[PDB]
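Colleague: Model the structure of this input:
(chains A, B, C, D, E, F and G)
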Amino acid sequence: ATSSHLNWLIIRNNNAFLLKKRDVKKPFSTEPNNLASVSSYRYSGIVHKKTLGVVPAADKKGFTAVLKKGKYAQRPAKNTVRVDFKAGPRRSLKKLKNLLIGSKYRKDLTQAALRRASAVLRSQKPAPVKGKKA
Amino acid sequence: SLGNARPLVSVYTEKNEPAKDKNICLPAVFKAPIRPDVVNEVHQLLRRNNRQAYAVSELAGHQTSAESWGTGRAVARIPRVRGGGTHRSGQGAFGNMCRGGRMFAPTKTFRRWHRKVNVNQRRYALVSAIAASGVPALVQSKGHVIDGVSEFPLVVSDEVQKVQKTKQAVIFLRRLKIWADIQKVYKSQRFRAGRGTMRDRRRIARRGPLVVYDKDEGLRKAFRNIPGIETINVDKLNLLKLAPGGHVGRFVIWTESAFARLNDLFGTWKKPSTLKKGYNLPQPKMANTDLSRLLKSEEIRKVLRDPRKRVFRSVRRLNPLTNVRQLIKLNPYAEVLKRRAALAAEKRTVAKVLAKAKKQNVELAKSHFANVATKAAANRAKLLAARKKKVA
Amino acid sequence: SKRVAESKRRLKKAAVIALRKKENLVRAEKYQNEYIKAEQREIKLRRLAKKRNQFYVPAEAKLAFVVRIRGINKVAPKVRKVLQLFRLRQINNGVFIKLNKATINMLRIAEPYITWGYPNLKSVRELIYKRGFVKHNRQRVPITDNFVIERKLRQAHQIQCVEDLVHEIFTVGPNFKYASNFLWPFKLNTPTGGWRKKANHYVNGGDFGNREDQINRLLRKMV
RNA sequence: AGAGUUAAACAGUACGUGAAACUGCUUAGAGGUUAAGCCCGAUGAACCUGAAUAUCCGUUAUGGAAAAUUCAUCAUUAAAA
RNA sequence: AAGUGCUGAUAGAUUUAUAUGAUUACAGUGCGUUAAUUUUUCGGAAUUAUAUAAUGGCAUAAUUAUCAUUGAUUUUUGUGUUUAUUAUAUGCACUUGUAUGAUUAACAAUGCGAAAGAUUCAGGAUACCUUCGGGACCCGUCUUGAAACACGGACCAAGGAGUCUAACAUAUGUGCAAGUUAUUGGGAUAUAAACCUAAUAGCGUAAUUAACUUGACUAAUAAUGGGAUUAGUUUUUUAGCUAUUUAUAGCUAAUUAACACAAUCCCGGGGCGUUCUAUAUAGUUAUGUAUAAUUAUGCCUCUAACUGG
RNA sequence: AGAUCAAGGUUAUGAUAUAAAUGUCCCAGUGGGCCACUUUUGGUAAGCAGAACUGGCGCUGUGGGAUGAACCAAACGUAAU
RNA sequence: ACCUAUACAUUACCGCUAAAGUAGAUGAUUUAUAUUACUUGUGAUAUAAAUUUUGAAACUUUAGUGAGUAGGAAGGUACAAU
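Modeller: Numbers count the residues shown, from 1 in each chain, chains lettered A, B, ... in the order given. Below is the structure in question.
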């Protein structure tokens, strides 16, 4: 039936998001829940509710709306849709990363998720900078 | 083992309608093994039956009358055309190397175009496709925008079979949040990159859902002109629909009375089937199939022995003949012989610089008598030997 | 309840490593005083047998050092086989060999590709210190410490130190066969200064066959 | 040869593209040896590619501003997991 | 032979050691008995007992075993003896210290990724031209041997040669399993597909004879029955190992017993065939025969069937 | 000649193990060989003819013999020393 | 004395071949410190910060090693269609 290892050996190579690029030995998934965008087994669309990712924002720049996994109340046979929950920290460029370790404890993506929210918060910022040089 | 295992599948109706009192149980095909290796091998073969013959004209090549105008005429030895006057002379006939000549083995009509797959292997290729049309990890890895849908496997009521105009079908596929898939089939209408474009395949798009009805009240005519979607009846259930390309798990929609028949077609885990004579659902090689709980596990980690936690590389061979620090690591006694003869050679050079006190008698100020003055204080070792070694 | 277990392992692996070092000191001290009483006895026996006008023969040599000297092609299938069994398959490989009537007739057969001679203590030491390697399931592990002899040979022989290798080889002991087949053959390099003919005997030209004291002086420039 | 037509004549009836083989012209450097080619190391000329920021005996000592807060020792409240 | 005491040069220096596992054991420095001895006086300096088995030295006992044996060489040692030698008896902190994680790193100089703008230092036989050195015969082929005074080839673009089929055999994949296999057909039917399916039919399940005959282990049970060589699970007690509650495990085996998978190697036993042989045969069952009325039962057996090594 | 018991010390020359054992596909190719030490037959001889042994060439480059299929060294991943 | 190979040797790199290691991450591991059981002493608990996925078809460690026609096997690569 359903387990993230049976699901994955069907998906391992014949995927629709895996899009390997030309020298680099078999990686890249273009998934919406990958956060370290290769294709591992436990960076994946569905690995069954270890499925966290980090998305901006919607309002650039402050947010990073984080789709937290919508878990084991779901099989995840769908939900009267629930299973992405989107709790989105904001308002401080380096406080919210403590408030993401503070948030989740699902210690497998944890240092590879706030490695991503930083790398979104590195990117959304630079509007009032990179200007004058007078 | 179970047949139940997630044993309540809610039914939905037209206004997206979570609520019924009708909650039917998961019909036990959905636990049977997904095997994409057999589905791909039935798909490879079974779609060779919609396939008709190409074959070149068996008289192409050979209605010249060319005899090998043969050696020794300074020109090679192929059949050359006979005439004179038409400028096709002599000019090379009959061979595949020649222009005009017959191809290497021309393609005949009695090449085996079609095939027979074993008919249990069709059913154990349909079963893995049906079972993977739930499990939304394997629908979502066919693309298939399914993150608006409210259930898997999605069951709609039987009333949708009565729908009759296509406007009231994209009203329906709107409301169940699956319009965004057949809006993606609008996105990839393209043109082929063949030879299709001359040979009457100027494209497909991708596939979309598959409305498995049970009784076409008006449904099949109502869903014709929507691009991407196609419907099917429960008795037929073509595999080449439910796994297009060898790739399991098309996004599927069951109606109510469609869904309530799967416990008859492929019967159940308890009893065989009635509609397929003697059919018996295939058993997986591994029933529990979750490795991360198998390895978790406390029934296994009371056996495990050796978690060898270093790496132990550390390799480089030093030289114990120039690197003294390896001598005293390897032959530890050899440290002594270094501090013995080098101590004894020290007093030799002490003695031979005192041979200059035979010659020039200079000093002995703070340099060499201090090397020998300690012997006078070392005399007390022998002066204690007359008073302290007389205790035993 | 793990940290209780490991720091009793870590302090009993220390006391056993400490109880090797002293037990590999006074064992190398005992082995060194043998090689002083030995060679001083053969001085004592000659300065004895001169005054009693007898002829003092010394002992015939056990422990050769055998080094393939010449070439991997054009070799015949019975010198091809002796030199496989002597583990000498490359040029300038050398193995230790116990001498009896039964390998000397094999060094006779493989004679034109072999130079040999009977080695100094300095030669026995400098060959396992500078060049000396070790078989850990077909791997060629160097020396790097004397755990790597303590591993495979202390439990089933009583060799544990590097000088126990030297003692089991200079004094050709009961565990000789274990401590020559322990050492991977010594891949020496090409002598500085050279050879002389490589393919005339040592009595005529100078290489193959018994040098018999001058394997020491060759090995000076080869190691 | 000007001009004209077209989006375009580098689409003007070899009329889409327009390859090689072979070559007239321009520009560059050079020329009595393996006939020429070629391999490898360098070379002159020419063109080119790549290049760097938080520390010694520290992501340490210490003073200025700004903004602001589910942060406090914060507190209630409302959720959704 | 010893390091004896070094002095010179050369080339080289993996490492994302968490981009899924010691940077720690070592030793080396800087604080906390002693006392005289000495030396310079600014350090240092030296000193014993402090606990060894003591190892080497001496004497002696003792014994194993020997070149030759006056003796020497030992061997097991043991004692005494002093002459020396070595190791152990350095925790707590603290260093920019040495080692060891294929042991390269400290110091300086040169130069600013420099807003667009733009130099410095290194490199680039990329694909050529210039200058030298070294090497360097023309490919394909057949051949023992081709640069060959062997054959083809002036050059260029397009074409151009191990395939379809049929039937086997092995290997691997897959489905079902004493079975399996729709596909000639039929039915449903959405369309040359897919689905469903009755009677067969192939192949397998049993063989061997030229044929007619005949037709597979003592037995309600048995993998070549039996025997060896058996991977493995159970099991034996033993010290015993980590934990021990000293219960309960893991470990080697010593080793007991058991089944012994697969595979090969030996000895059997059956089916059928052929041959010899037993039967001298009695005899085993019925026809016949004894009777009644095919029938009933007696029983001998002319007859057929049947047993035997 | 065997089937089960009883007793048996330290496993019975040396040195070796780039793993060995075994099936199947008896699958591809091959079934023109030449050269050489020593042995050798025919021939007067032959860079001729025919055999025995080992090693080579064929299939093999590099170093040496100015030159070379076999001679003497040496067997060949890309580089430094 | 000295010069000289694609040999010998020590090192870097490529492949091959042969071994060996790693998957409880609602876990493991550091550094401090509060508390602490306290065993003198070392562990267990709380806090603060830190590191800790890999197509397990992967990653990590170690050693040896490389001639080749005819010929066979693996892994890539160009072309065009479903």
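
Colleague: where does chain A come near RNA strand E, residue by residue?
Modeller: For chain A, the residues in contact with RNA strand E (Cβ under 7 Å from any atom of the strand) are residue A:133. Any C-beta I mention is one placed from the backbone N, CA and C, and that applies to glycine too.

Colleague: redo that, cut-off 10 Å
Modeller: A:36, A:40, A:41, A:42, A:108, A:111, A:112, A:130, A:131, A:132, A:133, A:134 (Cβ under 10 Å from any atom of the strand).

Colleague: Can you give me the separation between the nearest residue to the third one once chain neighbours are set aside and residue B:89?
Modeller: Counting by Cβ to Cβ, 6 or more residues apart in numbering or on different chains, residue A:8 is the residue found nearest to residue A:41 once chain neighbours are left out, at 5.4 Å. With distances taken as Cβ to Cβ, to the nearest Å, residue A:8 is found 69 Å from residue B:89.

Colleague: Pick out whichever of the two has more residues nearby.
Modeller: residue A:8 (21 against 13; other Cβ atoms under 10 Å in any protein chain shown).

Colleague: Ramachandran angles for the more buried one?
Modeller: Dihedral pair for residue A:8: phi -90, psi -30, per degrees, to the nearest 10.

Colleague: how distant is the helix ranked longest in chain B from the center of its chain?
Modeller: Ranked by residue count under DSSP state H, the longest helix found in chain B is helix B:334-353. From the chain centre to the centre of helix B:334-353 is a distance of 72 Å (Cα atoms, centre = their mean, to the nearest Å).

Colleague: buried stuff in it?
Modeller: residue B:334 (16 or more other Cβ atoms under 10 Å in any protein chain shown).

Colleague: Intersect the residues of chain A next to RNA strand E with the contacts of RNA strand F.
Modeller: Among the residues of chain A next to RNA strand E, RNA strand F is touched by none when using Cβ under 10 Å from any atom of the strand.

Colleague: would you list these in JSON lines and tack on neighbour count?
Modeller: Output for the residues of chain A next to RNA strand E, formatted as JSON lines (neighbours: other Cβ atoms under 10 Å in any protein chain shown):
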{"residue": "A:36", "neighbour count": "15"}
{"residue": "A:40", "neighbour count": "12"}
{"residue": "A:41", "neighbour count": "14"}
{"residue": "A:42", "neighbour count": "14"}
{"residue": "A:108", "neighbour count": "12"}
{"residue": "A:111", "neighbour count": "9"}
{"residue": "A:112", "neighbour count": "14"}
{"residue": "A:130", "neighbour count": "8"}
{"residue": "A:131", "neighbour count": "8"}
{"residue": "A:132", "neighbour count": "5"}
{"residue": "A:133", "neighbour count": "4"}
{"residue": "A:134", "neighbour count": "3"}
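
Colleague: ok, which pair from the residues you listed is furthest apart?
Modeller: A:41 and A:134 (52.8 Å; Cβ to Cβ).

Colleague: Pull the residues that contact the longest helix seen in chain A.
Modeller: Looking across chain A with DSSP H, the single longest helix is helix A:110-121. Helix A:110-121 is touched from outside by A:35-36, A:43, A:52-57, A:61, A:64, A:66, A:89, A:93, A:96-97, A:100-101, A:104, with contacts defined as Cβ atoms under 8 Å, 6 or more residues apart in numbering or on different chains.

Colleague: Sketch out the helices for chain C, chain order is fine.
Modeller: Under DSSP H, chain C gives helices at C:3-21, C:26-49, C:79-85, C:101-107, C:121-129, C:147-153, C:162-170, C:176-180, C:215-222.

Colleague: Which strands or helices does the fifth one pack on?
Modeller: Contacting helix C:121-129 under the criterion 3 or more Cβ pairs under 8 Å, 6 or more residues apart in numbering or on different chains; DSSP states H and E are the following elements: helix C:162-170, helix C:215-222.

Colleague: I'm curious whether it, anywhere along its length, sits up against RNA strand G.
Modeller: No. Shown here: helix C:121-129 not in contact with RNA strand G (Cβ under 10 Å from any atom of the strand), separated by at least 12.0 Å.

Colleague: same thing with the last one?
Modeller: Yes. Contact check for helix C:215-222 against RNA strand G, using Cβ under 10 Å from any atom of the strand: residues in range are residue C:222.

Colleague: Now do that helix: distance to the chain's middle.
Modeller: Counting by Cα atoms, centre = their mean, helix C:215-222 comes out at 13 Å from the chain centroid.

Colleague: got a list of contacts for that helix?
Modeller: Here helix C:215-222 has contacts from C:64-65, C:67, C:92, C:115-120, C:122-123, C:126-127, C:188-193, C:211, using Cβ under 8 Å, 6+ apart.

Colleague: ok, residues contacting stretch B:199-213?
Modeller: With Cβ under 8 Å, 6+ apart as the criterion, stretch B:199-213 contacts B:142-143, B:160-161, B:173, B:178, B:181-182, B:184-186, B:188-192, B:194, B:196, B:219-220, B:223, B:227-234, B:237, B:241-242, B:244, B:250-255, B:258.

Colleague: what about 6 Å?
Modeller: The contact list for stretch B:199-213 (Cβ atoms under 6 Å, 6 or more residues apart in numbering or on different chains) reads B:161, B:181-182, B:185, B:188-192, B:219, B:228-229, B:231-232, B:244, B:250-255, B:258.

Colleague: Any quick ChimeraX command for the buried ones out of those?
Modeller: To isolate the buried members of the contacts of stretch B:199-213 in ChimeraX, using 16+ other Cβ under 10 Å:
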select /B:161,181,182,185,219,228,229,231,232,244,250,251,252,253,254,255,258
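
Colleague: among the contacts of stretch B:199-213, which are in reach of chain C?
Modeller: Among the contacts of stretch B:199-213, no residue is within reach of chain C (Cβ under 6 Å from any Cβ of the partner chain).

Colleague: show me the contacts for the residue in the stretch 51-200 of chain B that chain A sits nearest to.
Modeller: When scored by Cβ to the nearest Cβ, the stretch 51-200 of chain B has residue B:137 as its residue closest to chain A, at 3.5 Å. If you count contacts by Cβ under 6 Å, 6+ apart, residue B:137 has them with A:7, A:46.

Colleague: tell me the secondary structure for it?
Modeller: Assigned by DSSP: H, G, I helix; E, B strand; the rest coil, the conformation of residue B:137 is helix.

Colleague: same check, this time on the one 10 residues further on
Modeller: Per three-state DSSP, the local secondary structure of residue B:147 is coil.

Colleague: Pull the number of nearby residues for it.
Modeller: Neighbours of residue B:147 (other Cβ under 10 Å): 14.

Colleague: quick one: residue B:155 is in a strand?
Modeller: Yes. Under three-state DSSP, residue B:155 sits within a strand.

Colleague: residues near it, how many?
Modeller: Residue B:155: 24 neighbours (other Cβ under 10 Å).

Colleague: Return the host helix or strand of residue B:373 as CSV; C-alpha atoms alone will do.
Modeller: If you go by DSSP states H and E, residue B:373 is part of helix B:370-385. C-alpha atoms of helix B:370-385 as CSV (Å, rounded to 0.1, in the frame of the first residue of the first chain):
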residue,chain,number,x,y,z
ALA,B,370,81.5,23.5,34.6
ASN,B,371,81.2,20.5,32.4
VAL,B,372,83.5,18.7,34.9
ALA,B,373,82.8,20.5,38.2
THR,B,374,79.6,18.4,38.5
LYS,B,375,81.8,15.3,38.9
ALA,B,376,83.0,16.8,42.2
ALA,B,377,79.4,17.1,43.4
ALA,B,378,78.9,13.6,41.8
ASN,B,379,81.6,12.4,44.1
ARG,B,380,79.1,12.6,47.0
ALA,B,381,77.3,9.6,45.4
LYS,B,382,80.4,7.7,46.2
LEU,B,383,80.8,9.6,49.5
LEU,B,384,77.2,8.6,50.4
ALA,B,385,78.2,5.1,49.3
